[PDB]
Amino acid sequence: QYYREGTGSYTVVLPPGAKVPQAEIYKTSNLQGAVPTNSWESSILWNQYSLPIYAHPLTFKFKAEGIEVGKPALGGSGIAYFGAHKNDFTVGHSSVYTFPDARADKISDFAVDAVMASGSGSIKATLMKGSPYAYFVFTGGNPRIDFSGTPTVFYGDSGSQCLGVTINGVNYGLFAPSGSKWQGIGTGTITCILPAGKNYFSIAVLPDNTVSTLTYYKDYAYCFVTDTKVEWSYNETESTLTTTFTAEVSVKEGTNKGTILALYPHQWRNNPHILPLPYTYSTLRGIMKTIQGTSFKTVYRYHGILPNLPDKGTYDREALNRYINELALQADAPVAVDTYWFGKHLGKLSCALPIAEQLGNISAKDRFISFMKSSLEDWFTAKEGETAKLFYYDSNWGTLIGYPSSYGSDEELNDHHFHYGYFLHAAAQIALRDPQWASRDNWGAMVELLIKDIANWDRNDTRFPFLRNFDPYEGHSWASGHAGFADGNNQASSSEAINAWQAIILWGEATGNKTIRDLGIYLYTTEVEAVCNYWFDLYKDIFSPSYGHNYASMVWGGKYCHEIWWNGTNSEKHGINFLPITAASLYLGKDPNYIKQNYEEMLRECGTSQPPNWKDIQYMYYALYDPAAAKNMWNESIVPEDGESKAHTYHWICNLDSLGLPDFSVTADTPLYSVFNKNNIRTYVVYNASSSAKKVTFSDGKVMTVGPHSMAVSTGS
């Protein structure tokens, strides 16, 4: 049947030939509502056991015997750097040597509980991103710790409560209940003889082999993490985005209450709200610092986005208008009609629409808006017997899938944020112009279902899991639905994730929905912060000296590398983390010197003096360092990348030529703004999406009054 949402609808009738994710979900009866996907723990759900689980600092893998535990040995040189999962020891069971599967029982914002059970025993494991601990509860027998070789025992004996061990050069604590004994010390398998009535057991990866360190880790070893939560707040007055991270602990014994949290660089860098412990871990993501506590916060400065750049460029206006007319002839001509390529086309129209309006090209404006609306209205309606341009709800997993699908959006739940971000961008641009169309009673209900599929914010709405594609702790998104790879989950295009997030900001502000807007600000701001570290390494302290590049195109749980999914040029390899370039893409230019370094690396790698291909994308990027040079190199012979247009490319470059480069040293008390700086002259741009005039104040003292539903630009003091 069919479910009405405002004036649109989705279906639960699968079109003929259409494919869905697998029927089998390796979950327990405790995991209710829509099933989380697109994360680091996801392979537990899709595979009988799991693929490697990249929590950090620890990694894991489920198998018939139990749970492999390890700390990756970092290495590699050149095109990739590796932190592969390896087995330092397997947490097995004294009487159950073969478990039939591993099933997810509970998934929180940065942890997972999984259960392995036979009729005669079980292990329940809690794996946590940002913890040096892993926590276990046994039934039917004892922990049987099967080491990869024989460990060195640096502390403890058969009668001690804990052991300090070293295996593969990695120090661990093994923490048993008071009253436990240990059998098999000196062999490759140590069994923890649990006392009657106590069945909890934990391990930690330690930063050293001192007894003092082991004592500190023992102090918190019995504070088992039972829930993890993020919360966020956008402060409009201060232009900041605050995120709180909270772990709930259940104290299994002792009088200590707390835990040790490990923080990635995007969390600890320049963070005045923490007092790190001495302990660090060297990980694939850089140095993880540690803190004592069950909560911490991060606070980032938000620098605004715009719905478009203003009409301030040094372009030949008649040529720009002609480019708009050239695009208008192709307004109804997507290169392909699956969700992804249809999206790319909708993004192209979304970026050209305001340029047509600025020029007074009503014919082209009308062609663009008409196609955007008619196509969204088609996609957002599932007609009986329709096989293309519709959304289907899978109620096994709990996901909205558009048909026709592509690149595993259907069977693998890949990439929904990438695909749907383009649809959301188009919807937002319509909403800024037409509050009637975007209302919940009209097309806004279906729009918000796409938002919920990729980024549901409401933990009580069980139709979609909480924040599907975004990983709150790594601070970025994940592309694979299942993470069914040795190297875990992956994301290549961070810029396509950010496109979805900027679109959510615009939608929320256009519709007056502060919850959705602030969700967008949270996602956007945090992903940008992660991107600046793990993709661009702006601070020059993430990437190994042995890694041969200043840029990683793909980030995995277990590696990062300068590769892409097809045999493209090095221009393509760099460009996938720029496109789509929108008026939310100024973050790419946080460090103009990095723009220069990144572009020059790309040229060296191509063996050319200009980009061999994707020259439009590359010159838009280079314009964040030298717009005059980018304008000079640009020309009409360039065949646009399929999601781009000559009009939008040249409007971008020529506006930066006039306005200057983005200036991140100034903020404002409004959500839609940007500041530009040309040779120390600032230009301030604001968009007011509300129905009342706004007074906008910048941190340097600039004040602008901006009328309802308008863009304003002011240069100088």
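Each residue number is its position in the shown sequence, starting from 1.
- In this entry, the higher average B-factor at the C-alpha atoms falls on 189-197, of the pair 189-197 and 614-622.
- For the pair 527-535 and 113-121, the mean B factor over Cα atoms is greater in 113-121.
- Ranking 493, 267, 429, 396 by the C-alpha B-factor listed in the PDB entry places 396 at the top.
- Within the group 147, 245, 556, 466, the record's highest C-alpha temperature factor is found at 147.
- Among all modelled residues in its chain, residue 678 ranks in the highest third by Cα B-factor.
- When the CA B factors of the chain's modelled residues are split into thirds, the value for residue 664 lands in the highest one.
- Residue 406: CA B factor in the middle third of modelled residues in this chain (values from the PDB entry).
- Ranked within its chain, residue 56 lands in the lowest third, by CA B factor from the PDB record.
- Sort the modelled residues of the chain by CA B factor and residue 218 lands in the middle third.
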